[PDB]
$ cat my_file17.cif   # mmCIF, C-alpha atoms and all ligand atoms
data_run
#
loop_
_atom_site.label_atom_id
_atom_site.label_comp_id
_atom_site.auth_asym_id
_atom_site.auth_seq_id
_atom_site.Cartn_x
_atom_site.Cartn_y
_atom_site.Cartn_z
CA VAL F 1 105.58 86.25 87.78
CA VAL F 2 106.04 86.88 84.05
CA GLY F 3 108.93 85.08 82.33
CA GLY F 4 109.69 82.80 85.27
CA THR F 5 110.07 79.08 85.85
CA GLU F 6 108.42 76.73 88.34
CA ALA F 7 110.40 76.69 91.56
CA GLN F 8 111.47 73.44 93.22
CA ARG F 9 109.09 72.18 95.94
CA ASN F 10 111.37 73.24 98.81
CA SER F 11 113.31 76.16 97.27
CA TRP F 12 111.60 79.12 99.00
CA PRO F 13 110.08 77.84 102.33
CA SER F 14 109.36 81.35 103.62
CA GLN F 15 106.96 82.16 100.79
CA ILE F 16 103.32 82.12 101.84
CA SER F 17 99.99 82.41 100.04
CA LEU F 18 97.66 85.09 101.47
CA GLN F 19 94.06 84.10 100.67
CA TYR F 20 90.71 85.73 101.33
CA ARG F 21 87.37 83.96 101.66
CA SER F 22 84.91 84.59 98.85
CA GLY F 23 81.55 83.07 99.79
CA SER F 24 82.63 79.68 101.10
CA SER F 25 85.70 79.38 98.91
CA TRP F 26 89.16 80.82 99.43
CA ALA F 27 91.11 82.68 96.74
CA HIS F 28 94.80 83.55 96.52
CA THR F 29 95.28 87.31 96.41
CA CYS F 30 98.87 88.07 97.46
CA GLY F 31 102.18 86.62 98.56
CA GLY F 32 103.98 87.18 101.84
CA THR F 33 107.04 86.09 103.84
CA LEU F 34 107.00 84.06 107.07
CA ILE F 35 109.22 86.02 109.50
CA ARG F 36 108.23 84.42 112.81
CA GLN F 37 106.32 81.22 113.49
CA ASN F 38 103.27 83.43 114.09
CA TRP F 39 104.05 86.57 112.01
CA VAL F 40 103.85 87.15 108.27
CA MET F 41 105.15 90.21 106.40
CA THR F 42 103.21 91.36 103.33
CA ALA F 43 102.29 94.57 101.45
CA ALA F 44 99.82 97.01 103.04
CA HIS F 45 97.79 97.18 99.80
CA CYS F 46 96.96 93.45 100.13
CA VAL F 47 95.24 93.73 103.53
CA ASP F 48 93.53 97.09 103.08
CA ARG F 49 89.97 95.85 102.87
CA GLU F 50 87.90 94.31 105.69
CA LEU F 51 88.29 90.88 104.18
CA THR F 52 88.50 87.49 105.94
CA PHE F 53 92.06 86.21 105.41
CA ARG F 54 94.08 83.03 105.88
CA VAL F 55 97.71 82.19 105.30
CA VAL F 56 98.84 78.97 103.65
CA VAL F 57 102.41 77.83 104.37
CA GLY F 58 104.19 74.86 102.72
CA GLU F 59 102.18 75.54 99.56
CA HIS F 60 103.40 74.69 96.05
CA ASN F 61 100.49 73.99 93.73
CA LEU F 62 97.56 76.31 94.38
CA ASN F 63 95.03 73.78 93.04
CA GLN F 64 96.37 70.32 94.01
CA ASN F 65 96.82 69.31 97.61
CA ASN F 66 100.57 68.89 97.92
CA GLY F 67 100.34 67.28 101.36
CA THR F 68 102.75 69.80 102.97
CA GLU F 69 100.30 72.68 103.56
CA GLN F 70 99.34 74.30 106.87
CA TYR F 71 96.43 76.72 106.80
CA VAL F 72 96.23 79.25 109.63
CA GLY F 73 93.92 82.18 110.18
CA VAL F 74 94.99 85.79 110.54
CA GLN F 75 94.39 87.17 113.99
CA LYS F 76 95.82 90.67 113.85
CA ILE F 77 96.73 92.98 110.94
CA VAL F 78 99.18 95.84 111.53
CA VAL F 79 99.55 98.07 108.46
CA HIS F 80 102.27 100.73 108.55
CA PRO F 81 100.77 103.91 110.18
CA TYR F 82 101.84 106.13 107.28
CA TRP F 83 100.32 103.90 104.59
CA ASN F 84 97.77 105.73 102.47
CA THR F 85 95.21 103.41 100.84
CA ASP F 86 95.43 105.17 97.46
CA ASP F 87 99.24 105.56 97.41
CA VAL F 88 101.48 102.83 96.18
CA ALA F 89 103.85 105.64 95.03
CA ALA F 90 104.05 107.37 98.44
CA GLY F 91 105.60 104.30 100.07
CA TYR F 92 105.05 102.56 103.40
CA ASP F 93 103.59 99.60 101.56
CA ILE F 94 104.21 97.08 104.36
CA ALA F 95 102.07 95.19 106.88
CA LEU F 96 102.55 92.48 109.49
CA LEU F 97 99.94 89.78 110.11
CA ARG F 98 99.83 88.01 113.46
CA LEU F 99 98.81 84.40 112.86
CA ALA F 100 96.06 82.78 114.93
CA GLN F 101 98.35 79.80 115.51
CA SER F 102 102.14 79.27 115.28
CA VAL F 103 103.14 77.12 112.30
CA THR F 104 105.46 74.11 112.47
CA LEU F 105 108.79 74.57 110.78
CA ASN F 106 110.12 71.77 108.53
CA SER F 107 111.80 71.72 105.07
CA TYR F 108 108.77 73.27 103.29
CA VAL F 109 108.17 75.96 105.97
CA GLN F 110 111.06 78.12 107.20
CA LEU F 111 111.46 81.68 108.43
CA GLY F 112 112.77 84.27 105.99
CA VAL F 113 116.00 86.02 106.91
CA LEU F 114 115.77 89.79 107.15
CA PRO F 115 118.61 92.18 106.20
CA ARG F 116 120.48 94.31 108.74
CA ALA F 117 118.88 97.79 108.96
CA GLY F 118 119.98 100.26 106.29
CA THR F 119 121.55 97.66 104.01
CA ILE F 120 121.45 98.89 100.38
CA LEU F 121 122.37 96.52 97.56
CA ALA F 122 124.72 97.45 94.74
CA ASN F 123 123.38 97.81 91.21
CA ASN F 124 122.71 94.54 89.44
CA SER F 125 122.64 92.45 92.62
CA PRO F 126 121.31 88.87 92.10
CA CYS F 127 117.76 88.49 93.42
CA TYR F 128 114.78 86.30 92.62
CA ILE F 129 111.11 87.17 92.81
CA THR F 130 108.72 84.35 93.74
CA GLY F 131 104.95 84.07 93.46
CA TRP F 132 101.76 82.66 91.98
CA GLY F 133 100.84 85.98 90.34
CA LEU F 134 99.82 86.38 86.69
CA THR F 135 102.23 84.75 84.28
CA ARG F 136 101.27 87.27 81.62
CA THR F 137 99.81 90.81 81.64
CA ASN F 138 96.02 90.24 81.79
CA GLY F 139 96.61 86.49 81.92
CA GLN F 140 95.90 84.07 84.75
CA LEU F 141 97.42 83.02 88.08
CA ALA F 142 100.14 80.39 88.10
CA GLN F 143 99.04 77.04 89.47
CA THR F 144 102.56 76.35 90.75
CA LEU F 145 105.06 78.68 92.50
CA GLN F 146 107.06 80.59 89.90
CA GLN F 147 110.49 82.20 90.26
CA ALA F 148 112.42 84.70 88.11
CA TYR F 149 115.91 86.16 88.17
CA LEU F 150 115.46 89.88 88.78
CA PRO F 151 118.71 91.74 89.51
CA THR F 152 118.53 95.13 91.24
CA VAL F 153 118.54 98.53 89.50
CA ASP F 154 119.98 100.98 91.96
CA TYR F 155 117.98 104.00 93.04
CA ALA F 156 120.02 106.50 90.98
CA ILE F 157 119.08 104.76 87.73
CA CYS F 158 115.61 103.75 88.83
CA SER F 159 114.59 107.24 89.89
CA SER F 160 115.84 108.69 86.63
CA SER F 161 113.44 110.09 84.01
CA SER F 162 113.56 107.10 81.68
CA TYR F 163 112.75 104.59 84.44
CA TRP F 164 110.43 105.47 87.32
CA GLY F 165 111.39 109.08 88.08
CA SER F 166 110.12 110.46 91.40
CA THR F 167 107.57 107.65 91.73
CA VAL F 168 110.31 105.47 93.24
CA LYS F 169 111.63 106.56 96.67
CA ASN F 170 114.74 105.70 98.62
CA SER F 171 112.70 103.30 100.79
CA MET F 172 112.04 101.10 97.73
CA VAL F 173 114.08 98.58 95.76
CA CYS F 174 113.87 98.27 91.96
CA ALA F 175 114.49 94.92 90.24
CA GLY F 176 114.16 93.77 86.65
CA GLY F 177 113.03 96.03 83.83
CA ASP F 178 114.35 93.85 81.01
CA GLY F 179 110.90 93.59 79.43
CA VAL F 180 110.78 89.80 79.80
CA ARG F 181 110.72 89.08 83.54
CA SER F 182 108.74 90.84 86.27
CA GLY F 183 106.21 90.56 89.02
CA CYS F 184 102.54 90.75 88.09
CA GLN F 185 99.11 90.74 89.76
CA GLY F 186 98.96 88.26 92.62
CA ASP F 187 102.70 88.56 93.39
CA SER F 188 102.10 91.66 95.57
CA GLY F 189 103.36 91.32 99.14
CA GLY F 190 105.67 88.47 98.25
CA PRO F 191 109.44 88.32 98.71
CA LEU F 192 112.39 89.55 96.70
CA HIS F 193 115.12 87.08 97.73
CA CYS F 194 118.67 88.43 97.29
CA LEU F 195 121.97 86.58 97.63
CA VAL F 196 124.14 88.39 100.17
CA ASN F 197 127.23 86.83 101.77
CA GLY F 198 126.24 83.39 100.56
CA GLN F 199 122.78 83.66 102.09
CA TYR F 200 119.40 84.50 100.50
CA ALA F 201 117.82 87.29 102.47
CA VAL F 202 114.43 88.91 101.90
CA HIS F 203 115.25 92.43 100.66
CA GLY F 204 111.89 93.48 99.36
CA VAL F 205 108.13 93.18 99.60
CA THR F 206 106.64 93.24 96.07
CA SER F 207 104.73 96.51 95.64
CA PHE F 208 104.02 97.71 92.12
CA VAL F 209 104.64 97.59 88.39
CA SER F 210 103.48 99.77 85.51
CA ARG F 211 99.72 99.67 85.09
CA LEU F 212 100.57 99.74 81.34
CA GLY F 213 101.95 96.19 81.63
CA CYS F 214 103.78 93.90 84.04
CA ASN F 215 106.93 93.25 81.95
CA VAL F 216 107.52 96.73 80.58
CA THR F 217 111.11 97.59 79.58
CA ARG F 218 112.62 100.34 81.80
CA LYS F 219 109.76 99.82 84.28
CA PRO F 220 111.31 97.40 86.78
CA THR F 221 109.22 95.79 89.49
CA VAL F 222 109.30 97.96 92.63
CA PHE F 223 109.44 96.57 96.14
CA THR F 224 109.26 98.03 99.61
CA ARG F 225 112.86 98.09 100.95
CA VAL F 226 112.77 95.80 104.00
CA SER F 227 115.99 97.13 105.45
CA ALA F 228 114.38 100.55 105.82
CA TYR F 229 111.72 99.03 108.11
CA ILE F 230 113.70 96.83 110.54
CA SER F 231 113.01 99.05 113.58
CA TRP F 232 109.29 99.26 112.75
CA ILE F 233 109.08 95.48 112.30
CA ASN F 234 110.83 94.75 115.60
CA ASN F 235 108.74 97.35 117.46
CA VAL F 236 105.49 95.91 116.18
CA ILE F 237 106.45 92.35 117.05
CA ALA F 238 107.82 93.31 120.50
CA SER F 239 104.56 95.12 121.25
CA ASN F 240 101.92 92.51 120.33
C1 LIG F 301 99.89 92.89 93.34
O1 LIG F 301 100.04 91.55 93.07
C2 LIG F 301 100.39 93.75 92.15
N1 LIG F 301 100.49 95.15 92.63
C3 LIG F 301 99.74 96.13 92.16
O2 LIG F 301 99.03 96.05 91.18
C4 LIG F 301 99.92 97.46 92.91
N2 LIG F 301 99.45 98.60 92.11
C5 LIG F 301 100.21 99.01 91.00
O3 LIG F 301 101.16 98.34 90.59
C6 LIG F 301 99.89 100.30 90.41
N3 LIG F 301 100.80 100.73 89.40
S1 LIG F 301 100.84 102.21 88.73
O4 LIG F 301 99.50 102.59 88.47
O5 LIG F 301 101.78 102.18 87.70
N4 LIG F 301 101.47 103.11 89.94
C7 LIG F 301 102.89 103.45 90.01
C8 LIG F 301 98.83 101.01 90.86
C9 LIG F 301 98.02 100.48 91.90
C10 LIG F 301 98.27 99.30 92.53
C11 LIG F 301 97.41 98.78 93.63
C12 LIG F 301 97.08 99.61 94.70
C13 LIG F 301 96.17 99.18 95.65
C14 LIG F 301 95.65 97.90 95.57
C15 LIG F 301 95.96 97.08 94.53
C16 LIG F 301 96.80 97.52 93.53
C17 LIG F 301 101.67 93.33 91.40
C18 LIG F 301 101.80 93.97 90.03
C19 LIG F 301 102.94 93.52 92.21
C20 LIG F 301 98.39 93.11 93.64
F1 LIG F 301 97.62 92.77 92.61
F2 LIG F 301 98.12 94.37 93.93
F3 LIG F 301 97.96 92.41 94.68
NA NA F 302 98.47 72.88 97.29
#
$ encode --input "my_file17.cif" --output "structure tokens"
Amino acid sequence: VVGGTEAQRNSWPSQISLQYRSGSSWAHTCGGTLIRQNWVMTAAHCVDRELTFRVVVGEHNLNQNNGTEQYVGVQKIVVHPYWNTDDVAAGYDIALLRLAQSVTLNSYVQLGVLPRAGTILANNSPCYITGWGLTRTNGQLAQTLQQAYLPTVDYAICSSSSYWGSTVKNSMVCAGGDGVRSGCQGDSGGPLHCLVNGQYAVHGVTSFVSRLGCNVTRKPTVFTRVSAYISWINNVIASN
């Protein structure tokens, strides 16, 4: 997250750290959202390789041991059937990971609330992006969970010529674009928390930014629109 601030230790309990094993060590690669005690929602482009993964819940400081962490292995990975490995622009950037063991809920680990199917937010809706991604374009990962205020840019403006054009589809949510705050490498798959009816609901799965820079003006961070995938999510979960 570029231009963010460290989140409070129990502010976003549904945020998870998706890590892959390199050699003997583990390394954070993407974010994700706990949606069931044994299911995590993330971006398809995070779990596209045949890597060995683990999910860390109740995590705050990537390096230090906070004492609230639960590490569980990934048992099953279900990427959306229409996801094309190359294509972040084509859409369908969503995946569900079945955990090897159910996690224990407490104040540091909670389930994320999903929007009702089809829900579209009005322009400039208040949302926050969270993650341990790069704090600067070509910089390094954040040690502690970062958060940034990233209000929505409705599709009409986002899909215009001076923003993203046809790259952004109706099944995506745009947020930010002020040139100061944005998602960045390592934030992928994480949540876009939006305040709706007094409740923070997970409206997006962090997908992409401009390869020219993370915090590029008129290039808001783009997320997979969760509300467009409610039926798919429930079908997957009901089936396995
Ligand atoms: C994730 O943290 C980051 N996501 C990506 O880098 C996804 N991404 C892109 O943002 C682009 N941008 S583009 O070239 O401007 N296309 C519109 C291209 C490719 C990818 C991509 C695809 C497949 C695998 C990895 C990256 C954050 C910036 C959200 C991360 F690093 F992917 F995990
Ligand atoms: Na930690």
$ closest_atom_pairs --input "my_file17.cif" --of "chain F" --to "ligand LIG 301 (chain F)" --cutoff "8 Å" --atoms "only C-alpha atoms and all ligand atoms" --output "Markdown table"
| residue | atom | partner | partner_atom | distance |
| --- | --- | --- | --- | --- |
| F:29 | CA | F:LIG301 | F3 | 6.0 |
| F:30 | CA | F:LIG301 | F3 | 5.2 |
| F:31 | CA | F:LIG301 | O1 | 7.7 |
| F:45 | CA | F:LIG301 | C14 | 4.8 |
| F:46 | CA | F:LIG301 | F3 | 5.6 |
| F:48 | CA | F:LIG301 | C14 | 7.8 |
| F:85 | CA | F:LIG301 | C13 | 6.8 |
| F:86 | CA | F:LIG301 | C13 | 6.3 |
| F:87 | CA | F:LIG301 | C12 | 6.9 |
| F:88 | CA | F:LIG301 | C12 | 5.6 |
| F:89 | CA | F:LIG301 | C7 | 5.6 |
| F:133 | CA | F:LIG301 | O1 | 6.3 |
| F:167 | CA | F:LIG301 | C7 | 6.5 |
| F:183 | CA | F:LIG301 | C19 | 5.4 |
| F:184 | CA | F:LIG301 | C18 | 3.8 |
| F:185 | CA | F:LIG301 | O1 | 3.5 |
| F:186 | CA | F:LIG301 | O1 | 3.5 |
| F:187 | CA | F:LIG301 | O1 | 4.0 |
| F:188 | CA | F:LIG301 | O1 | 3.2 |
| F:189 | CA | F:LIG301 | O1 | 6.9 |
| F:206 | CA | F:LIG301 | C19 | 5.4 |
| F:207 | CA | F:LIG301 | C19 | 4.9 |
| F:208 | CA | F:LIG301 | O3 | 3.3 |
| F:209 | CA | F:LIG301 | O3 | 4.2 |
| F:210 | CA | F:LIG301 | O5 | 3.7 |
| F:211 | CA | F:LIG301 | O5 | 4.2 |
| F:212 | CA | F:LIG301 | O5 | 6.9 |
| F:214 | CA | F:LIG301 | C18 | 6.3 |
| F:221 | CA | F:LIG301 | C19 | 7.2 |
| F:222 | CA | F:LIG301 | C19 | 7.8 |
$ closest_residue --input "my_file17.cif" --among "F:142, F:77, F:127, F:120" --to "ligand NA 302 (chain F)" --atoms "all atoms listed in the file"
F:142
$ residues_near_ligand --input "my_file17.cif" --ligand "ligand NA 302 (chain F)" --cutoff "6 Å" --atoms "only C-alpha atoms and all ligand atoms" --output "list in words"
residues 59, 60, 61, 62, 63, 64, 65 and 66 of chain F
$ residues_near_point --input "my_file17.cif" --point "(111.8, 81.2, 102.1)" --cutoff "7 Å" --atoms "only C-alpha atoms" --output "list in words"
residues 12, 13, 14, 15, 110, 111 and 112 of chain F
$ residues_around --input "my_file17.cif" --residues "residue 157 (chain F)" --least-positions-apart "4" --cutoff "12 Å" --atoms "only C-alpha atoms" --output "PyMOL selection string"
chain F and resi 122-124+152-153+161-166+168-170+173-175+177+218-220
$ atom_distance --input "my_file17.cif" --atom1 "CA of residue 34 (chain F)" --atom2 "CA of residue 108 (chain F)"
11.6 Å
$ atom_distance --input "my_file17.cif" --atom1 "CA of residue 109 (chain F)" --atom2 "CA of residue 70 (chain F)"
9.0 Å
$ residues_around --input "my_file17.cif" --residues "residue 99 (chain F)" --least-positions-apart "4" --cutoff "8 Å" --atoms "only C-alpha atoms" --output "ChimeraX atom specification"
/F:38-40,55,72-76
$ atom_distance --input "my_file17.cif" --atom1 "CA of residue 50 (chain F)" --atom2 "CA of residue 92 (chain F)"
19.2 Å
